[PDB]
Each structure stands twice: as C-alpha cells, then as structure tokens.
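In the deposited numbering, the protein residues as written are 1 to 330.
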C-alpha cells in the first residue's frame, strides 16, 4: 500500500505545516502537524477542557463506531518549545492520504497548554519519530508509520515541504519526479529516538564550504534551523546590522536586508537553503526588526534541522531494518 497527502503551511511565515487526517468511522477529518521529532498522535477532542479549545476541530470518540477506549492508558508530553498536552487514549482507524491503519492509538487531549489553544489551525500532532519516544503509559504505543510499515510497498515516508506553498507527505514510495539529481543517503542513530544524523558541514552564501561534523535531528515539527553558535555567528556576520538579542530571544536582522543562502552537507552532496527561507518577518507587528530563521542550538542540547532546512530538500525517512535518511535537492 501507499498514501499521499498534501501538507499546507499554517500561515504566511511557514511557522508549521498541517496535513489532513481521517480518524474514526465515519471519518472525522482533523488537520495535524506531522512531527518527525516526536512519537505521539494526539488530538483536540470532545474531552478537552472547554476553555482550552479555541477554533480547533475536535475528535469525538463517542461518535466513532470503531473507537475503543484503551483501558488505563494515559499520555503526557512536553515539547522543546515549552508547550505540553495530556489525556487518555483510544484505538481507532486512522487514514492519511488513502493509507489506512486500524487499531492506531489516538491520544485524546484532556488538557493542552496555551500555545496550542492559541493556534486555531493545528488540531493535533502526528508523531513520526521512533516509537521508543511514545509517551503512553503504562503500555507504550506505536506511531502511525510503525503500524503501517509492514503493509507499505517500501518501508519509507517522504517529506516535501513547500516554501510559502503546499507540499506533500508520501508513505510507502519515492516520487522520482519530486526532486532533482539523486538522493544522498546518510546514517541515522536511533539511540535518542530521533531521526538523528551527521551533516558534513556548511557554507554561508557564496563562501567556501567548511567541512565539519554537525550531529542533529531531522525534525518537521520544529520551524527553524538550530545549529552550533559558531556556525550561526558565521551566518549572521554576513548580514549588515544583524545581532543576537537577549530580549527577543535570538538573532534579529533589519527587515530591509537581503539574506545570504545557507548550504548544509549531506555526505558529499549539498542542500542550499535560499536566503528568503531564513526570513521570519517582523519581531512584532509593524517592527522593522525581523526574526532570523537560523538560531543557536546552545542550551537546547541538540542541533535541529527543522522546516527551514527540510523545506529546501526532498527528504526520505527510510524505516528499513537499519534506518537511514535521504536528501535531494528539488
């Protein structure tokens, strides 16, 4: 089997991407944030504290004839950005782009933190990291990909995120028309539960490539590109007037600037992030100071190849017995 679904930016800045997901019988369609940095499929629901729901579409398990309460199971998650959610668990039928999993754990939120409430466009998350990170207790549950894998034509999914435009998540096949050149594959460590890999280096604009190992994660659920302070300093030094602002919480730059590209290495291959992808707009409405899309990972404890990087590529998440990651230009 295969599936294919369009993923759409939630706003004009590509702050995140939503993909429609069918849950239950009859189908209830929710727009979920596909997150290769986490491993829970959780949704706003009829059980969510009323004051914490503001515009989201909810899953109502009582209206699904295939929903079954998973007895005694609870979940609770906290994300790198400080947001969190928790609740109980159903199993139900979940379909993405024509690909169907029966008995998928659907984590129904009883509580969500303010940032989720405040974002009317995201109805929940669909985790695509390794199932070892799944928070369901006392019996850990499998991700949608883990459940689908054996049925797929090939045990893979691909992320093709758009810049200010729709893109695609495919399950079970590689669309060879969706990228240019070849896909370069690179080793993955699953030891921390992530799609963790090592970039071979970077360049700023038309500058010479610096060969240096950068361990990080491919994370569709993180907006920006978080890299070591040395790398980030080298990038922003090429932008007149750019500075790290403690009050804003990262590098900012004059909105009148034209940003240089940023290149990262995947083996001997190179992915070029155009400068415009690094512009995240005014720090506050009407400001002429703009927030940068490349930020320091110092104090995160890990480098994160978030959407800023991933949207510059066609990315293969290869779930073979030994997982690997593939990157192509597009």
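Don't be surprised by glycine CBs; every beta carbon is placed ideally from N, CA and C.
Spatial neighbours of residue 13 in its own chain (CB-CB distance under 6 angstroms, excluding positions within 5 residues in sequence) are listed in chain order as 280, 281. The beta carbon of residue 147 sits closer than 7 angstroms to the beta carbons of 101, 104 from its chain, once the five residues preceding and following it are set aside; these are given in chain order.
Residue 156: member of the beta strand (DSSP E) spanning 156 to 160, first to last residue. Within a 10 Å sphere around the beta-carbon of residue 118 sit fewer than 16 other beta-carbons, which makes this residue exposed. Apart from the 5 residues on each side of it in sequence, residue 112 sits with its Cβ closer than 6 angstroms to the Cβ of 52, 85 in its chain, given in chain order.
At a Cβ-Cβ threshold of 8 angstroms, residue 126 and residue 21 count as neighbours. Non-local beta-carbon contacts of residue 4 in its own chain, meaning distances under 7 angstroms to residues more than five positions away in sequence, involve 97, 98, 168, 170 in chain order. With respect to residue 307, residue 223 sits close: the two C-beta atoms are nearer than 8 angstroms. Contact check for residue 252 and residue 245: beta-carbon distance about 5 angstroms, within the 8 angstroms limit, so the pair qualifies. If you compare the alpha carbons of 133, 323, 47, 180 with that of residue 270, the shortest gap goes to 180. Separation of residue 200 and residue 32 (C-alpha to C-alpha, rounded to the nearest whole angstrom) is 32 angstroms. DSSP places residue 74 within a strand segment (E or B) once states are collapsed to three.
Annotation: residue 303 to residue 330 spans about 23 angstroms, alpha carbon to alpha carbon. The DSSP-derived three-state label of residue 148 is helix. Taking the CA atoms as reference points, residue 131 sits about 6 angstroms from residue 39. Taking a contact as a CB-CB distance under 8 angstroms, the pair residue 90 and residue 68 counts as one, their CB atoms being some 6 angstroms apart. Taken atom to atom, the span from the alpha-carbon of residue 162 to that of residue 143 is near 24 angstroms. Residue 236: member of the alpha helix (DSSP H) spanning 229 to 236, first to last residue. The C-beta distance from residue 121 to residue 23 rounds to 17 angstroms, too long to meet the 8 angstroms contact threshold.
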